[PDB]
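Take a look at this single chain in structure tokens; it is the form deposited in one PDB entry.
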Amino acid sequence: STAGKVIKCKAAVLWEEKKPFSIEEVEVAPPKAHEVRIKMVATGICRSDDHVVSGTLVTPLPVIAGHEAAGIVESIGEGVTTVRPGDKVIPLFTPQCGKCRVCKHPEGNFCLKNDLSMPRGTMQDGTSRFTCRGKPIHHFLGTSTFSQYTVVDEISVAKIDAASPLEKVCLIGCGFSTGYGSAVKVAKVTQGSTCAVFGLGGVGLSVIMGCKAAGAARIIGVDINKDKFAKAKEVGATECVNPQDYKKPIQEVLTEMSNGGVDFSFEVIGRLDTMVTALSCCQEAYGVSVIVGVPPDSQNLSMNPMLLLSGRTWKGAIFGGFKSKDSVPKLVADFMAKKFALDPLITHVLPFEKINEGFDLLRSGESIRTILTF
């Protein structure tokens, strides 16, 4: 029995940038008031986790990363009302406190209790529940899913369907919901429209899924890796283009292809240049461009504001614009009701012990999502 006790378990600790994860024993404290300790079942490898490794994202180290996952509640702290031991849950890397101005806003999801903007790498109370070799280890986004057990704040966990297949619905914790919501909720893609999707990884494929669900007539996938095009077409891309195949800049190609610009474009890579290209390729008077990718820390882009003055809309979003705790259970219910598919995003399924191999598959271009199983 582990309730109220320190757990010694296995986790993937990142001690410093640009090094492999170290799979080793950590101590996980029991949950405090309004905290939940979760036995992990499955976690996806998102590019954002690789950004911590590469230094693209700055967050305090050493750290237990991982933010796309699903597991089963092991124990709850005093005052928890929304989950119980044995519940299937998804950790929420964007929390939903329910009390801040953003949570109360009909269109806000970026709760002010997040640990993204200005990361502390702690629980809400400014402390850590992790130690390794006698040293405190930072949390990541309130989730830290690269561990057999984590502790999260109640506002960072959602109860989901008890019959959920956790090795699939873990993707609702980041990449599926992000891409699908970027299309259906943030962009509000319209029936009959033309979309361009820059980056055909797990998140970009989810954007395609959402564009097709919304009834887009044309969905143009853009990637420098042509090995990504077959799966993009399977999930709804009508065309794919590789910028490297063209003498012209791709914004010009896409403007030509769309007879004057696309209705909706999405940056799903994380490069400053592709953010500006994606904006430019949407029709100048009524186009919408959504930034989804995460670019290198503290770098500014350059752009001509005439692109906006003519009438373009430029926006971005975290987690597809979804209010996390309200939406995650509904998305799992919709998956259970066959309203969308997750299998097209899953290319590899590895034990957790092969986390490094899973990151090498992402870096080499081979994988979409690797699911690690505990």
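We call the rigid core whatever largest set of C-alpha positions still superposes within 1.5 Å between the two forms. All residue numbers are counted from 1 along the displayed sequence.
Next on the checklist: Comparing average C-alpha B factors as deposited, tell me which of 207 to 215 and 114 to 122 sits higher.
Outcome noted: Per the PDB entry, the higher value belongs to 114 to 122.
Item to check | Stretch with the higher entry mean CA B-factor, where the candidates are 157 to 165 and 274 to 282 | outcome: Per the PDB record, 157 to 165.
Item to check | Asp227, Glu267, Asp263, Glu239, ranked by C-alpha B-factor: the highest one | outcome: In this record, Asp227 carries the highest C-alpha B-factor of the candidates.
Checklist entry - Checking the entry, which one of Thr81, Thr143, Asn109, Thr194 has the top C-alpha B factor? => result Going by the entry's C-alpha B-factors, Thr81 comes out highest.
Checklist entry - Which third, lowest, middle or highest, does the CA B-factor of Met40 fall in along this chain? => result According to the entry, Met40 has a C-alpha B-factor in the chain's middle third.
Next on the checklist: Ranking every modelled residue in this chain by its Cα temperature factor as given in the entry, which third contains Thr94?
Outcome noted: Middle third by C-alpha B-factor.
Checklist entry - Taking the entry's C-alpha B-factors for this chain, is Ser48 in the lowest, middle or highest third? => result Ranked within chain, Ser48 CA B lands in the lowest tercile.
Item to check | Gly134 - which third its CA temperature factor falls in, relative to the rest of the chain | outcome: According to the entry, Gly134 has a C-alpha B-factor in the chain's highest third.
Checklist entry - What third of its chain, lowest, middle or highest, does the C-alpha temperature factor of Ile346 fall into? => result Its C-alpha B-factor, which the entry lists for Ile346, ranks in the middle third among residues of this chain.
What comes next is about the form deposited in another entry, which does not appear here.
Checklist entry - Relative to the superposed core, which single residue of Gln251, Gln124, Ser164, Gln148 shows a CA shift of 2 Å or more between the shown form and the other one? => result Comparing both forms, the shifted residue turns out to be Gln251.
Next on the checklist: For a quick test of reading the superposition: does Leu112 move by 2 Å or more at the CA between the shown form and the other one, rigid core aligned?
Outcome noted: No, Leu112 moves less than 2 Å.
Next on the checklist: So, superposing on the core, is the move of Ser298 at the CA at least 2 angstroms between the shown form and the other one?
Outcome noted: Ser298 C-alpha, core-superposed: shift of 2 Å or more.
Next on the checklist: If I superpose the two forms on their rigid core, does the C-alpha of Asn242 end up displaced by 2 Å or more between the shown form and the other one?
Outcome noted: Yes; that C-alpha moves by at least 2 Å between the shown form and the other one.
Checklist entry - Considering a change of 3 Å or more, are the Cα atoms of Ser298 and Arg120 closer or farther in that other deposited form than here? => result Note: Cα gap between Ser298 and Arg120 widens in that other deposited form.
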